[PDB]
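The chain below stands alone and is given in structure tokens; this is the form deposited in one PDB entry.
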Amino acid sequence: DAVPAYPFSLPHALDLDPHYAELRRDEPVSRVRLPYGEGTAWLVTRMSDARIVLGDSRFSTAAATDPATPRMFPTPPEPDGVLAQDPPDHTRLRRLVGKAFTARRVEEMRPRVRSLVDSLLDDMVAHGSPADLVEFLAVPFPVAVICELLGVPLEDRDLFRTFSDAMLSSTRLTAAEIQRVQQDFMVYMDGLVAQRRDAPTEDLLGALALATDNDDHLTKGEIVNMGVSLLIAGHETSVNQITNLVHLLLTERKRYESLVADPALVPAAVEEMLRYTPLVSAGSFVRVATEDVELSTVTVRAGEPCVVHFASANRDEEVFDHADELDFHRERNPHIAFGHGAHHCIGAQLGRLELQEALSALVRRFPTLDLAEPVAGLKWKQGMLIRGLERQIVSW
């Protein structure tokens, strides 16, 4: 078969492969070969189509767990993972921990999160300028937040960051290597919830331990696997996204200067750079049509897999004026940086708060901030399902 391989190309900095603009204009729904599984998938590049694939009961992710189904990552999907559940099983699984992630309960974290940020920026001005913003902010801040929310010990970071780094592989590690790390993270998370046995905690692992023997409708595999999911996504998205938003702000300093001048524009800026930033390297957890579904240019047939490119939907010229331009004064911004439908990011309010508090602190305290390492030498992460910087040396 002569369907193109997807991803089309190895990524460059925070650039979109220019084939997405071509596909959105002339072939918004096209067949591709994903790097793992067997067969072909439909790639969905336009926002209207992405809302159907992500938003409709006729598309199942549970159906995508067969080792033969195309997928973006080397290991077959974990059948007990939240992404691989369809409603109503998925809806019952989300209720295990949803109370903690409501806009209302996340907003209540702002005082402790601001205070965490300030402490780490205090430590960075102690080191003095220039310093690596990865080591001083992007890693320690999200890590501290997800460790206090879940109740994972902070001194256990190198341990779970090693595990997260491997399980975020697109092409860096082989299936066998990742399989082994998944088993190691499984028993690690199972031991963390099992310590709550005769010792209940007021944290999310506490709630997961009470569910282990008060639910009879949730399996232990599903419960422990939620802990693993939240610990990985709950820091790795944010880590990368801090370095991504700072890169966009310092490479056209005009943006940074605009937020220095009016720090109240940070929340809108965060939504615009969420839209603009291709955090997700390529595709998505696969959705398999369970019936024929009409998309813009094609009827997908029952049994045909589909994949969305979130970044491409976020550049759709039919949804956003001057889509390929960064605009913090944009009036409407219905981006899907956080997805759409059942699997809409559970952590979306926490990612927003962490990005708001990280830039707001920077823009207020360090108006003089600039990149202090050549742009050509920037160490973009290679072979992972997300994009971001290994290191970002800044001066002030």
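Whichever C-alpha set is largest while still superposing within 1.5 Å between the two forms counts as the rigid core. Residue numbers here begin at 1 and follow the sequence given.
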Exercise. For the higher mean C-alpha B factor in the entry, choose 329-337 or 348-356.
Key: 329-337
Quiz item: Looking at the entry, does 128-136 or 302-310 show the higher mean C-alpha B-factor?
Solution: 128-136
Quiz item: Per the entry, which of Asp165, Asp89, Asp198, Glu222 tops the list for Cα B factor?
Solution: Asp198
Quiz item: Highest Cα B-factor in the deposition, which of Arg71, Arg161, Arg253, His235?
Solution: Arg253
Practice problem: Relative to the other modelled residues of the same chain, rank the CA B-factor of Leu43 and answer lowest, middle or highest third. | Solution: lowest
Exercise. Compare the C-alpha B factor of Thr368 with those of the other modelled residues in its chain, then answer lowest, middle or highest third.
Key: highest
Quiz item: According to the PDB entry, is the CA B factor of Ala323 in the bottom, middle or top third of its chain, that is, lowest, middle or highest?
Solution: highest
Exercise. Please rank the C-alpha B-factors of the chain's modelled residues and tell me whether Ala282 sits in the lowest, middle or highest third.
Key: lowest
Quiz item: Hey, what third does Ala211 fall into on Cα B-factor, ranked over its chain?
Solution: highest
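Not pictured, yet referred to below: the form deposited in another entry.
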Quiz item: Can you tell which of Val134, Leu173, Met124, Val113 moves its Cα by 2 Å or more between the shown form and the other one, with the two forms laid on the rigid core?
Solution: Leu173
Exercise. Please check if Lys254 moves between the shown form and the other one, taking a CA shift of 2 Å or more relative to the superposed core as movement.
Key: no
Exercise. Align on the rigid core first; then say whether the Cα of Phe320 has moved by at least 2 Å between the shown form and the other one.
Key: no
Quiz prompt | C-alpha of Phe185 moved at least 2 Å between the shown form and the other one on rigid core | solution = yes
Practice problem: Over in the other structure, so in the other entry, do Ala194 and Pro76 pull closer or drift farther apart at the C-alpha level? The difference is 3 angstroms or more. | Solution: farther
Quiz item: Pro142 to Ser170, Cα distance in the other entry relative to here: closer or farther, by 3 Å or more?
Solution: closer
